[PDB]
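Chemist: Can you keep this structure in mind? I'll have questions shortly.
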Amino acid sequence: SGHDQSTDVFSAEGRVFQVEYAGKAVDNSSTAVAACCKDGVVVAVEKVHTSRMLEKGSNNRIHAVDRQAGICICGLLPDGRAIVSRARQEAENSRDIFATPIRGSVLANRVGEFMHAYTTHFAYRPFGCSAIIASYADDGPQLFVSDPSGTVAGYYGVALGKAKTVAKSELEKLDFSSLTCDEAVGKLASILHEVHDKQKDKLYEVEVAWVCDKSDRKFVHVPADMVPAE
Amino acid sequence: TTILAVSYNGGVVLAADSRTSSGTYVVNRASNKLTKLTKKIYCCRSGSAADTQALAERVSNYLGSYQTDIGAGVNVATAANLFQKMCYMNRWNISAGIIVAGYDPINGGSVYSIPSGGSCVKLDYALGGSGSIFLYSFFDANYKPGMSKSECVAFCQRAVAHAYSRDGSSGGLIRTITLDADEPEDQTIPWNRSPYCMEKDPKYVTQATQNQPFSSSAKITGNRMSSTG
């Protein structure tokens with residue numbers, strides 16, 4: 001009926017169905033994984049290409065928000081770009097008004113508040129993407145996930161996308177206390193390669209980024225010759 | 001107005017006079033120019049009282065909300081940046097010289113000077129107010145960096161006393177506050193117990209020989225203090 005056409009309407013059981021539909025759109029997107037390794041955060045996403053003529057690096061889903069913070073997008077890429085722009089605005093406001101890098105928890109809370117505001121008004125629709133915030137700020141390594149509903153949660157390891165449950169199960173086999181980013185990059189790449197179906201997504205690429213002590217606490221992409229071939 | 005802040009190894013000491021003067025009349029002789037921003041961060045205010053009070057209240061309100069938002073403490077650099085921005089956007093309408101001094105667990109004790117122009121300089125020590133002009137050569141000669149907490153407090157009080165001994169716009173009580181990893185501690189010493197004043201200085205006891213008695217000689221023999229003599 002008309003109980004699921006706009007976000008400003010609660011259902012008879014207290015649900016917002018448009019947000020659930022946006023989350024369903026997120027659940028049909030490419031798989032992403034992330035791990036907090038007690039010395040940094042490593043995020044790895046799979047990019048599915050519908051053409052073999054795409055230039056390398058096309059449709060980047062991992063974007064640096066600050067020097068030490070970055071966001072991976074799982075879902076509608078343009079919505080993720082808007083969220084990344086908002087996060088970059090939040091990060092530079094802290095560096096300009098308060099003369100300090102934005103803490104990972106603070107940035108995650110700002111992203112969640114921004115995403116939640118689009119689930120309360122009839123004139124807007126919720127974002128169709130989940131945001132993975134990887135930061136190495138003065139509060140240590142931080143890994144957060146922001147839901148299209150606007151709720152944020154901190155994780156040691158997290159998986160999102162179509163092949164989410166199997167990737168989460170593979171992540172359950174790690175220790176996350178002795179785990180280091182150097183081996184975590186390979187672990188996440190191997191998990192993404194193993195969990196991906198090779199007969200439906202012919203063109204696939206693994207895009208991995210990280211921010212730990214080895215990059216001077218700067219959120220950058222991996223060196224090209226570090227991820228496994230497959 | 002005489003304000004200053006000096007950094008020691010642990011934290012900072014902020015010192016100020018207590019005198020609000022309407023040109024040549026003392027409107028207030030027990031002012032408090034050390035204004036609390038956070039628990040461990042304070043500011044010394046010089047210039048327009050209303051402008052500095054409004055600036056400090058606005059910055060303190062901004063910082064109090066920021067602590068709740070981030071759930072952690074505030075660095076001295078954040079308060080210095082807040083004053084620098086707010087004083088730079090209003091530099092043509094306000095008359096304010098600010099010293100932002102405090103302690104944070106990350107950078108220890110910090111002192112920042114924000115003059116009337118609106119700049120922000122991180123310094124080991126900062127001076128401000130009309131009476132600061134008397135202290136520069138006092139710091140070049142008598143100040144040695146690396147003093148202890150008590151030594152820093154004593155030196156700050158002595159410097160403030162020397163400053164308002166010569167400055168007519170400064171005087172009254174000397175207020176000091178120490179900000180470090182421990183509990184901040186304040187102190188107010190009165191004028192009659194001040195570490196220095198020219199009234200108690202033995203080298204200014206003898207009066208200048210101006211009122212010569214009528215004499216038959218060019219020899220100078222002191223002032224005439226009696227009608228007969």
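Naming scheme: A, B, ... for chains in displayed order of the structure tokens; residues 1 onward per chain; ligands 1 onward as shown.
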Tell me, which residues of range 121-220 of chain A carry DSSP alpha helix (DSSP H), written as a ChimeraX atom specification?
Modeler: /A:164-171,181-195
Chemist: Residues of chain B that have any atom at most 7 Å from an atom of chain A: could you tabulate them with the shortest-distance atom pair and the distance in Å to one decimal, using only C-alpha atoms, ordered by chain and increasing number, as a Markdown table?
Modeler:
| residue | atom | partner | partner_atom | distance |
| --- | --- | --- | --- | --- |
| B:70 | CA | A:106 | CA | 6.0 |
| B:77 | CA | A:99 | CA | 6.7 |
| B:78 | CA | A:98 | CA | 4.7 |
| B:81 | CA | A:98 | CA | 6.3 |
| B:82 | CA | A:97 | CA | 6.6 |
Chemist: In terms of the shortest atom-to-atom distance over only C-alpha atoms, which of B:210, B:137, B:24, B:32 is closest to residue 49 in chain B?
Modeler: B:32
Chemist: May I have the residues within 9 Å of range 111-114 of chain A as number ranges by chain, using only C-alpha atoms and disregarding those fewer than 6 positions away in the same chain?
Modeler: A: 83-84, 86-87, 90, 131, 133, 145-152
Chemist: Which residues are near range 147-151 of chain B? Cut-off 12 Å, only C-alpha atoms, ignore same chain within fewer than 6 positions. Put them as a list in words.
Modeler: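 My list of contacting residues is residues 6, 7, 8, 9, 10, 11, 12, 13, 14, 109, 124, 157, 158, 176, 177, 178, 179, 180, 182, 184, 185 and 187 of chain B.
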Chemist: With DSSP run on the backbone, what are the strand (DSSP E or B) residues within range 3-230 of chain A? I'd like them as a PDB file with N, CA, C and O atoms, in the first residue's frame.
Modeler:
ATOM      1  N   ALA A  32      32.576  -6.323   0.305  1.00  0.00           N
ATOM      2  CA  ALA A  32      33.681  -5.588   0.899  1.00  0.00           C
ATOM      3  C   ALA A  32      33.961  -6.155   2.282  1.00  0.00           C
ATOM      4  O   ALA A  32      33.051  -6.606   2.977  1.00  0.00           O
ATOM      5  N   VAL A  33      35.236  -6.140   2.670  1.00  0.00           N
ATOM      6  CA  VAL A  33      35.664  -6.619   3.978  1.00  0.00           C
ATOM      7  C   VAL A  33      36.606  -5.591   4.587  1.00  0.00           C
ATOM      8  O   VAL A  33      37.226  -4.788   3.889  1.00  0.00           O
ATOM      9  N   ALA A  34      36.699  -5.620   5.913  1.00  0.00           N
ATOM     10  CA  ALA A  34      37.574  -4.702   6.624  1.00  0.00           C
ATOM     11  C   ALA A  34      37.993  -5.333   7.941  1.00  0.00           C
ATOM     12  O   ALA A  34      37.241  -6.103   8.543  1.00  0.00           O
ATOM     13  N   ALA A  35      39.203  -4.995   8.382  1.00  0.00           N
ATOM     14  CA  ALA A  35      39.782  -5.561   9.592  1.00  0.00           C
ATOM     15  C   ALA A  35      40.580  -4.499  10.332  1.00  0.00           C
ATOM     16  O   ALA A  35      41.333  -3.740   9.715  1.00  0.00           O
ATOM     17  N   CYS A  36      40.408  -4.450  11.653  1.00  0.00           N
ATOM     18  CA  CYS A  36      41.193  -3.586  12.533  1.00  0.00           C
ATOM     19  C   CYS A  36      42.243  -4.466  13.204  1.00  0.00           C
ATOM     20  O   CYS A  36      41.910  -5.393  13.945  1.00  0.00           O
ATOM     21  N   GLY A  40      46.453  -0.721  12.894  1.00  0.00           N
ATOM     22  CA  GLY A  40      45.963  -0.098  11.680  1.00  0.00           C
ATOM     23  C   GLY A  40      44.718  -0.803  11.191  1.00  0.00           C
ATOM     24  O   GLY A  40      44.286  -1.814  11.739  1.00  0.00           O
ATOM     25  N   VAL A  41      44.138  -0.246  10.132  1.00  0.00           N
ATOM     26  CA  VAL A  41      42.911  -0.768   9.544  1.00  0.00           C
ATOM     27  C   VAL A  41      43.165  -1.073   8.075  1.00  0.00           C
ATOM     28  O   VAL A  41      43.783  -0.274   7.364  1.00  0.00           O
ATOM     29  N   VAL A  42      42.692  -2.233   7.627  1.00  0.00           N
ATOM     30  CA  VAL A  42      42.824  -2.662   6.240  1.00  0.00           C
ATOM     31  C   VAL A  42      41.432  -2.919   5.683  1.00  0.00           C
ATOM     32  O   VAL A  42      40.657  -3.680   6.271  1.00  0.00           O
ATOM     33  N   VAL A  43      41.119  -2.299   4.549  1.00  0.00           N
ATOM     34  CA  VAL A  43      39.840  -2.479   3.876  1.00  0.00           C
ATOM     35  C   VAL A  43      40.104  -3.007   2.471  1.00  0.00           C
ATOM     36  O   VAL A  43      41.096  -2.638   1.834  1.00  0.00           O
ATOM     37  N   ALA A  44      39.247  -3.918   2.015  1.00  0.00           N
ATOM     38  CA  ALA A  44      39.387  -4.527   0.698  1.00  0.00           C
ATOM     39  C   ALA A  44      38.009  -4.664   0.074  1.00  0.00           C
ATOM     40  O   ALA A  44      37.101  -5.224   0.692  1.00  0.00           O
ATOM     41  N   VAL A  45      37.859  -4.183  -1.154  1.00  0.00           N
ATOM     42  CA  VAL A  45      36.588  -4.254  -1.857  1.00  0.00           C
ATOM     43  C   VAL A  45      36.814  -4.958  -3.189  1.00  0.00           C
ATOM     44  O   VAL A  45      37.923  -4.986  -3.729  1.00  0.00           O
ATOM     45  N   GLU A  46      35.753  -5.570  -3.698  1.00  0.00           N
ATOM     46  CA  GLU A  46      35.751  -6.142  -5.035  1.00  0.00           C
ATOM     47  C   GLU A  46      34.961  -5.222  -5.954  1.00  0.00           C
ATOM     48  O   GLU A  46      33.882  -4.744  -5.588  1.00  0.00           O
ATOM     49  N   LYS A  47      35.523  -4.938  -7.122  1.00  0.00           N
ATOM     50  CA  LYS A  47      34.877  -4.117  -8.135  1.00  0.00           C
ATOM     51  C   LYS A  47      34.535  -5.009  -9.317  1.00  0.00           C
ATOM     52  O   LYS A  47      35.425  -5.632  -9.907  1.00  0.00           O
ATOM     53  N   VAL A  48      33.251  -5.077  -9.648  1.00  0.00           N
ATOM     54  CA  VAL A  48      32.767  -5.851 -10.784  1.00  0.00           C
ATOM     55  C   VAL A  48      32.658  -4.907 -11.975  1.00  0.00           C
ATOM     56  O   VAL A  48      32.087  -3.815 -11.874  1.00  0.00           O
ATOM     57  N   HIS A  49      33.250  -5.305 -13.095  1.00  0.00           N
ATOM     58  CA  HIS A  49      33.219  -4.487 -14.296  1.00  0.00           C
ATOM     59  C   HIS A  49      32.288  -5.103 -15.331  1.00  0.00           C
ATOM     60  O   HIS A  49      32.330  -6.309 -15.588  1.00  0.00           O
ATOM     61  N   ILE A  62      37.054   3.219  -2.802  1.00  0.00           N
ATOM     62  CA  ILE A  62      37.768   3.633  -1.601  1.00  0.00           C
ATOM     63  C   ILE A  62      38.316   5.031  -1.840  1.00  0.00           C
ATOM     64  O   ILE A  62      39.032   5.264  -2.820  1.00  0.00           O
ATOM     65  N   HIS A  63      37.979   5.959  -0.948  1.00  0.00           N
ATOM     66  CA  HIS A  63      38.391   7.346  -1.106  1.00  0.00           C
ATOM     67  C   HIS A  63      38.918   7.880   0.214  1.00  0.00           C
ATOM     68  O   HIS A  63      38.329   7.638   1.270  1.00  0.00           O
ATOM     69  N   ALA A  64      40.022   8.617   0.144  1.00  0.00           N
ATOM     70  CA  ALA A  64      40.582   9.248   1.329  1.00  0.00           C
ATOM     71  C   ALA A  64      39.717  10.431   1.741  1.00  0.00           C
ATOM     72  O   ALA A  64      39.410  11.303   0.923  1.00  0.00           O
ATOM     73  N   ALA A  69      42.114   9.142   7.479  1.00  0.00           N
ATOM     74  CA  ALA A  69      40.790   8.550   7.396  1.00  0.00           C
ATOM     75  C   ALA A  69      40.409   8.290   5.946  1.00  0.00           C
ATOM     76  O   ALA A  69      40.785   9.042   5.041  1.00  0.00           O
ATOM     77  N   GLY A  70      39.661   7.211   5.738  1.00  0.00           N
ATOM     78  CA  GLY A  70      39.171   6.866   4.418  1.00  0.00           C
ATOM     79  C   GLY A  70      37.848   6.142   4.530  1.00  0.00           C
ATOM     80  O   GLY A  70      37.482   5.632   5.594  1.00  0.00           O
ATOM     81  N   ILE A  71      37.125   6.108   3.413  1.00  0.00           N
ATOM     82  CA  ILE A  71      35.802   5.501   3.361  1.00  0.00           C
ATOM     83  C   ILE A  71      35.720   4.578   2.155  1.00  0.00           C
ATOM     84  O   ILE A  71      36.091   4.964   1.040  1.00  0.00           O
ATOM     85  N   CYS A  72      35.240   3.362   2.388  1.00  0.00           N
ATOM     86  CA  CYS A  72      34.889   2.419   1.338  1.00  0.00           C
ATOM     87  C   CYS A  72      33.375   2.385   1.181  1.00  0.00           C
ATOM     88  O   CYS A  72      32.636   2.443   2.169  1.00  0.00           O
ATOM     89  N   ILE A  73      32.917   2.296  -0.062  1.00  0.00           N
ATOM     90  CA  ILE A  73      31.497   2.362  -0.391  1.00  0.00           C
ATOM     91  C   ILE A  73      31.030   0.970  -0.786  1.00  0.00           C
ATOM     92  O   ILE A  73      31.647   0.321  -1.640  1.00  0.00           O
ATOM     93  N   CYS A  74      29.943   0.510  -0.170  1.00  0.00           N
ATOM     94  CA  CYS A  74      29.306  -0.752  -0.541  1.00  0.00           C
ATOM     95  C   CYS A  74      27.872  -0.435  -0.949  1.00  0.00           C
ATOM     96  O   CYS A  74      27.006  -0.252  -0.091  1.00  0.00           O
ATOM     97  N   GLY A  75      27.618  -0.359  -2.252  1.00  0.00           N
ATOM     98  CA  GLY A  75      26.297  -0.003  -2.730  1.00  0.00           C
ATOM     99  C   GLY A  75      26.319   0.974  -3.885  1.00  0.00           C
ATOM    100  O   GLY A  75      27.217   0.923  -4.731  1.00  0.00           O
ATOM    101  N   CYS A 129      23.784   2.994   0.021  1.00  0.00           N
ATOM    102  CA  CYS A 129      25.125   2.470   0.212  1.00  0.00           C
ATOM    103  C   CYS A 129      25.451   2.435   1.696  1.00  0.00           C
ATOM    104  O   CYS A 129      24.928   3.227   2.484  1.00  0.00           O
ATOM    105  N   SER A 130      26.322   1.503   2.063  1.00  0.00           N
ATOM    106  CA  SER A 130      26.922   1.444   3.385  1.00  0.00           C
ATOM    107  C   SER A 130      28.339   1.995   3.318  1.00  0.00           C
ATOM    108  O   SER A 130      29.057   1.799   2.331  1.00  0.00           O
ATOM    109  N   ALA A 131      28.734   2.693   4.376  1.00  0.00           N
ATOM    110  CA  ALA A 131      30.030   3.352   4.433  1.00  0.00           C
ATOM    111  C   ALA A 131      30.924   2.645   5.439  1.00  0.00           C
ATOM    112  O   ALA A 131      30.529   2.442   6.590  1.00  0.00           O
ATOM    113  N   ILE A 132      32.123   2.273   5.009  1.00  0.00           N
ATOM    114  CA  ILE A 132      33.126   1.687   5.886  1.00  0.00           C
ATOM    115  C   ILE A 132      34.168   2.763   6.154  1.00  0.00           C
ATOM    116  O   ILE A 132      34.891   3.175   5.244  1.00  0.00           O
ATOM    117  N   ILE A 133      34.247   3.219   7.399  1.00  0.00           N
ATOM    118  CA  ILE A 133      35.163   4.280   7.795  1.00  0.00           C
ATOM    119  C   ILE A 133      36.368   3.642   8.469  1.00  0.00           C
ATOM    120  O   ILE A 133      36.232   2.983   9.508  1.00  0.00           O
ATOM    121  N   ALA A 134      37.543   3.833   7.877  1.00  0.00           N
ATOM    122  CA  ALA A 134      38.801   3.344   8.425  1.00  0.00           C
ATOM    123  C   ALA A 134      39.657   4.544   8.789  1.00  0.00           C
ATOM    124  O   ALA A 134      40.027   5.332   7.912  1.00  0.00           O
ATOM    125  N   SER A 135      39.975   4.685  10.072  1.00  0.00           N
ATOM    126  CA  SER A 135      40.726   5.833  10.551  1.00  0.00           C
ATOM    127  C   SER A 135      41.860   5.372  11.450  1.00  0.00           C
ATOM    128  O   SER A 135      41.772   4.328  12.098  1.00  0.00           O
ATOM    129  N   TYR A 136      42.947   6.153  11.468  1.00  0.00           N
ATOM    130  CA  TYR A 136      43.998   5.975  12.468  1.00  0.00           C
ATOM    131  C   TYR A 136      44.254   7.366  13.052  1.00  0.00           C
ATOM    132  O   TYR A 136      45.169   8.082  12.644  1.00  0.00           O
ATOM    133  N   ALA A 137      43.434   7.744  14.023  1.00  0.00           N
ATOM    134  CA  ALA A 137      43.506   9.045  14.663  1.00  0.00           C
ATOM    135  C   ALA A 137      44.137   8.904  16.047  1.00  0.00           C
ATOM    136  O   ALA A 137      44.694   7.860  16.400  1.00  0.00           O
ATOM    137  N   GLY A 140      43.571   5.894  18.297  1.00  0.00           N
ATOM    138  CA  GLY A 140      44.014   4.599  17.839  1.00  0.00           C
ATOM    139  C   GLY A 140      43.337   4.173  16.555  1.00  0.00           C
ATOM    140  O   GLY A 140      42.540   4.915  15.972  1.00  0.00           O
ATOM    141  N   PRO A 141      43.652   2.969  16.079  1.00  0.00           N
ATOM    142  CA  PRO A 141      42.986   2.456  14.874  1.00  0.00           C
ATOM    143  C   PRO A 141      41.502   2.242  15.130  1.00  0.00           C
ATOM    144  O   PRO A 141      41.108   1.697  16.163  1.00  0.00           O
ATOM    145  N   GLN A 142      40.680   2.676  14.178  1.00  0.00           N
ATOM    146  CA  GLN A 142      39.233   2.615  14.311  1.00  0.00           C
ATOM    147  C   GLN A 142      38.612   2.158  13.002  1.00  0.00           C
ATOM    148  O   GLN A 142      39.000   2.616  11.922  1.00  0.00           O
ATOM    149  N   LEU A 143      37.636   1.260  13.116  1.00  0.00           N
ATOM    150  CA  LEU A 143      36.907   0.718  11.978  1.00  0.00           C
ATOM    151  C   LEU A 143      35.421   0.772  12.293  1.00  0.00           C
ATOM    152  O   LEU A 143      34.958   0.109  13.227  1.00  0.00           O
ATOM    153  N   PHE A 144      34.677   1.554  11.514  1.00  0.00           N
ATOM    154  CA  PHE A 144      33.256   1.756  11.744  1.00  0.00           C
ATOM    155  C   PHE A 144      32.477   1.454  10.473  1.00  0.00           C
ATOM    156  O   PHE A 144      33.003   1.530   9.362  1.00  0.00           O
ATOM    157  N   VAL A 145      31.206   1.108  10.655  1.00  0.00           N
ATOM    158  CA  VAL A 145      30.287   0.862   9.552  1.00  0.00           C
ATOM    159  C   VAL A 145      29.041   1.706   9.772  1.00  0.00           C
ATOM    160  O   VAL A 145      28.459   1.690  10.864  1.00  0.00           O
ATOM    161  N   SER A 146      28.648   2.451   8.742  1.00  0.00           N
ATOM    162  CA  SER A 146      27.444   3.266   8.747  1.00  0.00           C
ATOM    163  C   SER A 146      26.450   2.682   7.756  1.00  0.00           C
ATOM    164  O   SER A 146      26.733   2.605   6.554  1.00  0.00           O
ATOM    165  N   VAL A 152      25.689   3.565  13.309  1.00  0.00           N
ATOM    166  CA  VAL A 152      27.111   3.293  13.155  1.00  0.00           C
ATOM    167  C   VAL A 152      27.529   2.269  14.196  1.00  0.00           C
ATOM    168  O   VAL A 152      27.075   2.302  15.346  1.00  0.00           O
ATOM    169  N   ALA A 153      28.399   1.349  13.789  1.00  0.00           N
ATOM    170  CA  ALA A 153      28.908   0.349  14.716  1.00  0.00           C
ATOM    171  C   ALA A 153      30.392   0.137  14.467  1.00  0.00           C
ATOM    172  O   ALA A 153      30.832   0.090  13.317  1.00  0.00           O
ATOM    173  N   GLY A 154      31.155   0.009  15.550  1.00  0.00           N
ATOM    174  CA  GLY A 154      32.573  -0.283  15.448  1.00  0.00           C
ATOM    175  C   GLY A 154      32.814  -1.783  15.405  1.00  0.00           C
ATOM    176  O   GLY A 154      32.117  -2.557  16.056  1.00  0.00           O
ATOM    177  N   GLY A 157      36.382  -6.879  12.695  1.00  0.00           N
ATOM    178  CA  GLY A 157      36.294  -7.313  11.316  1.00  0.00           C
ATOM    179  C   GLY A 157      34.858  -7.256  10.840  1.00  0.00           C
ATOM    180  O   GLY A 157      33.940  -7.592  11.592  1.00  0.00           O
ATOM    181  N   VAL A 158      34.644  -6.828   9.599  1.00  0.00           N
ATOM    182  CA  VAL A 158      33.298  -6.626   9.080  1.00  0.00           C
ATOM    183  C   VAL A 158      33.258  -6.995   7.605  1.00  0.00           C
ATOM    184  O   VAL A 158      34.250  -6.858   6.880  1.00  0.00           O
ATOM    185  N   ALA A 159      32.100  -7.490   7.168  1.00  0.00           N
ATOM    186  CA  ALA A 159      31.861  -7.849   5.779  1.00  0.00           C
ATOM    187  C   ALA A 159      30.494  -7.331   5.353  1.00  0.00           C
ATOM    188  O   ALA A 159      29.536  -7.372   6.130  1.00  0.00           O
ATOM    189  N   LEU A 160      30.416  -6.844   4.117  1.00  0.00           N
ATOM    190  CA  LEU A 160      29.182  -6.320   3.548  1.00  0.00           C
ATOM    191  C   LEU A 160      29.075  -6.765   2.097  1.00  0.00           C
ATOM    192  O   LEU A 160      30.067  -7.129   1.465  1.00  0.00           O
ATOM    193  N   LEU A 203      34.366 -10.026 -15.037  1.00  0.00           N
ATOM    194  CA  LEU A 203      35.411  -9.024 -14.856  1.00  0.00           C
ATOM    195  C   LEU A 203      35.367  -8.536 -13.413  1.00  0.00           C
ATOM    196  O   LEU A 203      34.413  -7.864 -13.007  1.00  0.00           O
ATOM    197  N   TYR A 204      36.399  -8.875 -12.644  1.00  0.00           N
ATOM    198  CA  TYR A 204      36.475  -8.499 -11.242  1.00  0.00           C
ATOM    199  C   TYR A 204      37.885  -8.027 -10.919  1.00  0.00           C
ATOM    200  O   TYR A 204      38.867  -8.522 -11.478  1.00  0.00           O
ATOM    201  N   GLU A 205      37.971  -7.059 -10.010  1.00  0.00           N
ATOM    202  CA  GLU A 205      39.251  -6.556  -9.533  1.00  0.00           C
ATOM    203  C   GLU A 205      39.173  -6.389  -8.022  1.00  0.00           C
ATOM    204  O   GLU A 205      38.110  -6.096  -7.473  1.00  0.00           O
ATOM    205  N   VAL A 206      40.301  -6.588  -7.348  1.00  0.00           N
ATOM    206  CA  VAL A 206      40.392  -6.431  -5.902  1.00  0.00           C
ATOM    207  C   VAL A 206      41.130  -5.133  -5.608  1.00  0.00           C
ATOM    208  O   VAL A 206      42.276  -4.950  -6.038  1.00  0.00           O
ATOM    209  N   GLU A 207      40.472  -4.235  -4.880  1.00  0.00           N
ATOM    210  CA  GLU A 207      41.009  -2.925  -4.542  1.00  0.00           C
ATOM    211  C   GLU A 207      41.184  -2.863  -3.033  1.00  0.00           C
ATOM    212  O   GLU A 207      40.200  -2.942  -2.290  1.00  0.00           O
ATOM    213  N   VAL A 208      42.426  -2.724  -2.578  1.00  0.00           N
ATOM    214  CA  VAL A 208      42.749  -2.815  -1.161  1.00  0.00           C
ATOM    215  C   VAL A 208      43.429  -1.523  -0.728  1.00  0.00           C
ATOM    216  O   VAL A 208      44.291  -0.995  -1.439  1.00  0.00           O
ATOM    217  N   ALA A 209      43.027  -1.009   0.433  1.00  0.00           N
ATOM    218  CA  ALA A 209      43.633   0.174   1.021  1.00  0.00           C
ATOM    219  C   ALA A 209      43.837  -0.070   2.509  1.00  0.00           C
ATOM    220  O   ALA A 209      43.253  -0.985   3.094  1.00  0.00           O
ATOM    221  N   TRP A 210      44.687   0.753   3.115  1.00  0.00           N
ATOM    222  CA  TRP A 210      45.028   0.580   4.520  1.00  0.00           C
ATOM    223  C   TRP A 210      45.664   1.846   5.068  1.00  0.00           C
ATOM    224  O   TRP A 210      46.209   2.668   4.327  1.00  0.00           O
ATOM    225  N   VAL A 211      45.571   1.988   6.389  1.00  0.00           N
ATOM    226  CA  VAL A 211      46.217   3.071   7.121  1.00  0.00           C
ATOM    227  C   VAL A 211      46.782   2.531   8.432  1.00  0.00           C
ATOM    228  O   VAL A 211      46.047   2.278   9.393  1.00  0.00           O
ATOM    229  N   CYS A 212      48.094   2.319   8.474  1.00  0.00           N
ATOM    230  CA  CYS A 212      48.759   1.873   9.689  1.00  0.00           C
ATOM    231  C   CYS A 212      50.076   2.622   9.835  1.00  0.00           C
ATOM    232  O   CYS A 212      50.327   3.626   9.161  1.00  0.00           O
ATOM    233  N   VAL A 220      46.202   5.345   2.431  1.00  0.00           N
ATOM    234  CA  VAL A 220      46.607   5.233   1.038  1.00  0.00           C
ATOM    235  C   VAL A 220      46.195   3.864   0.512  1.00  0.00           C
ATOM    236  O   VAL A 220      45.791   2.976   1.265  1.00  0.00           O
ATOM    237  N   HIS A 221      46.292   3.711  -0.805  1.00  0.00           N
ATOM    238  CA  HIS A 221      46.118   2.410  -1.431  1.00  0.00           C
ATOM    239  C   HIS A 221      47.390   1.585  -1.271  1.00  0.00           C
ATOM    240  O   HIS A 221      48.471   2.127  -1.021  1.00  0.00           O
TER     241      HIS A 221
END
Chemist: Take CA of residue 61 in chain A and CA of residue 200 in chain A and report the distance between them in Å, one decimal.
Modeler: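 Taking CA of residue 61 in chain A and CA of residue 200 in chain A, their separation equals 20.4 Å.
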Chemist: To one decimal place in Å, what is the distance between CA of residue 21 in chain A and CA of residue 7 in chain A?
Modeler: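 Between these atoms lies a distance of 10.5 Å.
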Chemist: What does the distance from CA of residue 187 in chain A to CA of residue 128 in chain A come to in Å, to one decimal?
Modeler: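 For CA of residue 187 in chain A relative to CA of residue 128 in chain A, the distance reads 27.8 Å.
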Chemist: Measuring between only C-alpha atoms, which one of A:120, A:92, A:156, A:164 shows the shortest distance to residue 177 in chain A?
Modeler: A:156
Chemist: In terms of the shortest atom-to-atom distance over only C-alpha atoms, which of A:181, A:2, A:26, A:11 is closest to residue 213 in chain A?
Modeler: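 Smallest separation from residue 213 in chain A among the options: A:181.
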Chemist: Determine, counting only C-alpha atoms, which protein, DNA and RNA residues have an atom within 9 Å of an atom of residue 119 in chain B; residues of the same chain fewer than 4 positions away are not included. Present the result as an MDAnalysis selection string.
Modeler: chainID B and resid 84:85 87:88 113:115
Chemist: May I have the residues from that selection written out with N, CA, C and O atoms, as an mmCIF file, in the first residue's frame?
Modeler:
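Result written to again_7.cif:
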data_model
loop_
_atom_site.group_PDB
_atom_site.id
_atom_site.type_symbol
_atom_site.label_atom_id
_atom_site.label_comp_id
_atom_site.auth_asym_id
_atom_site.auth_seq_id
_atom_site.Cartn_x
_atom_site.Cartn_y
_atom_site.Cartn_z
ATOM 1 N N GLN B 84 41.867 32.674 17.965
ATOM 2 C CA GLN B 84 42.477 33.308 16.802
ATOM 3 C C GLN B 84 41.442 33.583 15.721
ATOM 4 O O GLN B 84 41.393 34.687 15.171
ATOM 5 N N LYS B 85 40.580 32.606 15.436
ATOM 6 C CA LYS B 85 39.534 32.814 14.440
ATOM 7 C C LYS B 85 38.567 33.908 14.873
ATOM 8 O O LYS B 85 38.253 34.816 14.091
ATOM 9 N N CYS B 87 38.902 36.367 17.021
ATOM 10 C CA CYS B 87 39.536 37.676 17.065
ATOM 11 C C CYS B 87 39.924 38.188 15.686
ATOM 12 O O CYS B 87 39.963 39.404 15.483
ATOM 13 N N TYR B 88 40.220 37.297 14.740
ATOM 14 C CA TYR B 88 40.535 37.726 13.387
ATOM 15 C C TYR B 88 39.297 38.143 12.610
ATOM 16 O O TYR B 88 39.377 39.056 11.781
ATOM 17 N N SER B 113 50.003 33.375 22.216
ATOM 18 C CA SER B 113 49.728 34.803 22.224
ATOM 19 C C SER B 113 48.890 35.156 21.005
ATOM 20 O O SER B 113 49.228 34.768 19.880
ATOM 21 N N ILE B 114 47.791 35.870 21.237
ATOM 22 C CA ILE B 114 46.922 36.382 20.185
ATOM 23 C C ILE B 114 46.822 37.891 20.372
ATOM 24 O O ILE B 114 46.007 38.367 21.177
ATOM 25 N N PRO B 115 47.646 38.676 19.680
ATOM 26 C CA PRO B 115 47.615 40.131 19.868
ATOM 27 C C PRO B 115 46.395 40.776 19.232
ATOM 28 O O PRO B 115 45.506 40.083 18.727
#
Chemist: Here is a test: counting only C-alpha atoms, which residue of A:226, A:38, A:76, A:81 is nearest to residue 25 in chain A?
Modeler: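 The shortest atom-to-atom distance to residue 25 in chain A comes from A:76.
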Chemist: Name the residues in contact with residue 199 in chain B at a cut-off of 10 Å, using only C-alpha atoms, excluding same-chain residues fewer than 5 positions from it; report them as a ChimeraX atom specification.
Modeler: /B:165,204-205
Chemist: For residue 103 in chain B, which of B:218, B:41, B:121, B:26 is the closest residue, counting only C-alpha atoms?
Modeler: B:41
Chemist: Out of A:68, A:196, A:219, A:190, which residue has the shortest atom-to-atom distance to residue 165 in chain A when counting only C-alpha atoms?
Modeler: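 Result for the nearest residue to residue 165 in chain A: A:196.
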